[PDB]
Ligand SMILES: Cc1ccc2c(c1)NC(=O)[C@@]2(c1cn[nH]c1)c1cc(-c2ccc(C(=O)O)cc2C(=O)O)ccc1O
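Shown below, as structure tokens, is a lone chain in the form deposited without this ligand; questions about how it binds or moves come after it.
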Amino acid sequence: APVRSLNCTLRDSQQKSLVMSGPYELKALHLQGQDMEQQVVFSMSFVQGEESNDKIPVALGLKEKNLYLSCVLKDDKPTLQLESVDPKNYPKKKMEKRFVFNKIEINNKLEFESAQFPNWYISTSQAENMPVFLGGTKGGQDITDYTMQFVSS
């Protein structure tokens, strides 16, 4: 397909799942059993960009929703947000830079670095029910690695 994609769910290294907070925000929390279905299913697209054997550029949209994770400057600081796009023009192989993340395979975990803002990663808090955000520090209080689960689509 023009732009190739695959559906998946993500879980941080503390086993927290991701769910929709409001219409433009994601939160991470320890979920299990029935509630497991509240988790967001992503449609990961493999877009164009500087590629490596361990660094792959991708775009993360919500399955069947014209909503994508985006990195923009908000109050002079790199910020993560859910952005609405024209449902007829997306996804596409050449996504605007703000939508691009470098999928990095480390241990057996994954890290998602903003292509727009080098060394800024999709992060979650240790605390329960907090927003998913863009953090500029690795190996610290905040979590920056995940495992990925594939879904039948």
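The numbering used is simple: start at 1 and walk along the sequence shown.
What comes next is about the form deposited with this ligand bound, which is not displayed.
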| query | If this ligand is transferred from its position in the deposited complex by superposing the C-alpha atoms around the site, does the shown form leave the pocket open, or is it blocked, with blocked meaning at least 3 ligand atoms within 2.4 Å of a backbone or C-beta atom? | reply | blocked
| For the spot marked by 3, 47 and 102, is every residue within 4.5 Å of this ligand in the deposited complex through some heavy atom? | yes
| message | Check residue 97 for me: does it contact this ligand in the deposited complex (non-hydrogen atoms, 4.5 angstroms)? | response | yes
| field | Close approach of residue 30 to this ligand in the deposited complex, 4.5 Å, heavy atom | value | no
